[PDB]
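Chain residues, written in single-letter form:
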Amino acid sequence: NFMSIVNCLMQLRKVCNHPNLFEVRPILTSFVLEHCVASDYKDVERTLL
DNA sequence: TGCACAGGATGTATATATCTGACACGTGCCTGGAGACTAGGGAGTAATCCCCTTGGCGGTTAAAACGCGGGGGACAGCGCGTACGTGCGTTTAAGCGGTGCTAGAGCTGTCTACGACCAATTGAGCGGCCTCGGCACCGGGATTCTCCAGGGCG
């Protein structure tokens, strides 16, 4: 359509000037890995103790 | 003389034959069950067109949203007294057993108006249209209507 062209270009025009595209830059927090392999051996430590 | 006893003279729950009421079982005539013919009413499709959306920038306005003062009205506390709450004896009248009736409730033939079912006309009622006089909104101005400050009065 003629509307899809304009609405598709408004996102590039929402970029080139400033990153207005939702402008989400990750805060770069660390990884979320919850396993903590030693916790799996915690029970074995309890039984042996 | 004062006293215990042996038997009659009354009660009383106890056990037995007896009187309603309701559940249980055996019928036969107006119901249902079912078989066939008709057919128009229901399931299915081919355009269609028509108002209803798609997505989001801005500019501006009217409506929504927040914020504080305090004024009056909701609301707690408390005393009063008369208006029902509670308890007696005394009365009028419904409950109930039983009775003589009837006049209106209730099931059944006759036919006869009289409304169900079906062609032919049309005209009065419905789709379409295009105006103007009543209607929408607001100024002008008079009128009322409430709000606040003495002050004459306690």
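cryo-EM is the method the PDB entry lists for this structure, together with a resolution of 3.6 Å.

The name given to chain A in the PDB entry is Helicase SWR1, and the organism recorded there is Saccharomyces cerevisiae. The header of this PDB entry states its title as "Chromatin remodeller-nucleosome complex at 3.6 A resolution".

Observations concerning the overall build of chain A
In terms of helices and strands, chain A carries two helices and zero strands. Oriented by its inertia axes, the alpha-carbon framework of chain A measures out at about 75 × 25 × 10 Å.

Comments concerning the protein's contact with DNA strand B
In the vicinity of DNA strand B, the contacting residues are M3, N7 and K14. Among all atoms of DNA strand B positioned within 4 Å of the protein, those belonging to sugar or phosphate total 38%. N7 places a side-chain nitrogen or oxygen 2.8 Å from a base nitrogen of DNA strand B. One of the side-chain nitrogen or oxygen atoms of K14 is found 3.1 Å away from a phosphate oxygen of DNA strand B.

Conventions used here
Here every chain is numbered from 1 following its written sequence, which may not line up with the entry's numbers; residues without coordinates are dropped from view. Numbering of ligands from 1 and lettering of chains from A proceed in the order in which they are written. Here we see some chains out of a larger assembly; the values all refer to those chains and nothing more. Calculation of side-chain values draws on the structure's entire complement of heavy atoms; hydrogens and water are dropped beforehand. Residues with missing side-chain atoms are left out of burial classes, side-chain pairs and their counts. Helical segments are the DSSP runs of H or I of at least four residues, strand segments are the runs of E of at least two, and each set is numbered from the N terminus. Summary of the distance rule: residues count as near a molecule or strand when at least one heavy atom falls within 4 Å of that molecule or strand. Polar contact is the term for a pair of N or O atoms within 3.5 Å; when the atoms are in protein, one must be able to donate a hydrogen and the other to accept it, and sequence-neighboring residues count only if both atoms are side-chain atoms.

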